[PDB]
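We begin with a single chain expressed as structure tokens, specifically the form deposited without nicotinamide-adenine-dinucleotide.
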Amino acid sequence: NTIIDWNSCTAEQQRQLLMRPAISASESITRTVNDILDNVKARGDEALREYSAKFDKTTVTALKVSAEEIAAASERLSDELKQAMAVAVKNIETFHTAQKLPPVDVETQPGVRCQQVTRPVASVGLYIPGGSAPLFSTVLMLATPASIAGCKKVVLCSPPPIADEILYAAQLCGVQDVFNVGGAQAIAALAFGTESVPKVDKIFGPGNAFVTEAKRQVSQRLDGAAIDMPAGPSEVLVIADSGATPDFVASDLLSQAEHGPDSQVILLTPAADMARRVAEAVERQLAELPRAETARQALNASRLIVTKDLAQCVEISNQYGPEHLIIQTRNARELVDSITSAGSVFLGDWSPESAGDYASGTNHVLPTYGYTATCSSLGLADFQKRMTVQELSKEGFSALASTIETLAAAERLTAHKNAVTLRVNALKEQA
């Protein structure tokens, strides 16, 4: 609860206020993660079961959860929960289906036909964390687009025992195989494959430090697999004007704060009275949270910044590029065209972060830690690839032949040039 007046700040203080946590990729975390990966690649299920005996100690037998276990889990859930997941899946499906790239098919010049088509990533592995609270919503976010893309194989790993909600979500979204393996070992299992877990082309979904280091390592190994995106501390940046409701602002700052102790929570507002009221609201609301140590920790790094005007709020946000940008201003919609970097944007007073995290239809797997500079929100595109196709007719080729010969010759690529000459001469003979 200490308001920062942006324009009273020296230039240095301003730079420091927008910095992100320095990375602490423990050489021990990298060492442990590397031994885990090598071990899993070298010994498969044997190594997996060993880690099962140590960590979380659940003594796994069959890595694959059976259809019977999934059916039993599904029967235990309430109809209220099942129906809410269905609303969410429907909206997530609607939004992601609308992302299908329309056909690209054009003749750049007569007889020179260029196309861009799409093909699904053949095999994808989804990761879901464990813990006492089940993060089943991520299953909906990952499995739905994979399904829409037409991915042939879709599997999922989560630390055992896997919660009923996660099993039901997986079945609901067509996940084919669910495996009792978590952490770095799960990522290694998906990247290299084992006797039970298939080697997949791409791995999706965030996790703890070990999971993050694992996804990092396998993405760089030739014998590994591609990953959806780099990771880092999560972030929320709320822009609030004088007409905002302090409790609504506070509720979103706390929604982000409970995500993890390293979460970055930032408010930008042109009114000191708004910052003060939000600070008070945050304090009152925090007092009502039962599991609040995580949020309390994240709030230690929060910044409630008073700017001189809305223009400065936009300028600061664009420089930062927040994972989640929440615009609680009376002209939110009008500001969208000016936002140049953010993972997901929430507009107005009735678009809580919670709406996007669970059921509006947008994806909650987003770039953070500054990766918004070049990465996008997870979407259909991440489960597919663009393939180029071209066909030149005799006429098209003939019209472009001299141009190609000239360019190849200037680059001194003789074989490239001769590929054209051979064809030009064959066409002359047949004319």
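Start at 1 with the first residue shown and count on from there.
Not pictured, yet referred to below: the form solved in complex with nicotinamide-adenine-dinucleotide.
nicotinamide-adenine-dinucleotide is absent from this chain, but in the deposited complex, do 55, 135 and 206 each have a non-hydrogen atom within 4.5 Å of it?
The answer is yes: all three residues contact the partner (heavy atom, 4.5 Å cut-off).
Of these, 269, 328, 144, 185, which has a heavy atom no more than 4.5 Å from nicotinamide-adenine-dinucleotide in the deposited complex?
Here the answer is residue option 185.
Selected contact from 89, 121, 211, 306, since only one has a non-hydrogen atom within 4.5 angstroms of nicotinamide-adenine-dinucleotide in the deposited complex:
Contact check passes for 211.
In the deposited complex, segment of 144-152, 121-129, 108-116, 312-320 with a heavy atom within 4.5 Å of nicotinamide-adenine-dinucleotide
That would be 121-129.
Heavy atoms within 4.5 Å of nicotinamide-adenine-dinucleotide in the deposited complex: does residue 96 have any?
Because no heavy atom of residue 96 falls inside 4.5 Å of nicotinamide-adenine-dinucleotide in the deposited complex, the answer is no.
Report whether the minimum heavy atom distance between residue 159 and nicotinamide-adenine-dinucleotide in the deposited complex is within 4.5 Å.
Residue 159 belongs to the contact set for nicotinamide-adenine-dinucleotide.
Residue-level contact is defined here as any heavy atom of the residue lying within 4.5 Å of nicotinamide-adenine-dinucleotide in the deposited complex; does residue 259 satisfy this criterion?
So residue 259 counts as contacting nicotinamide-adenine-dinucleotide.
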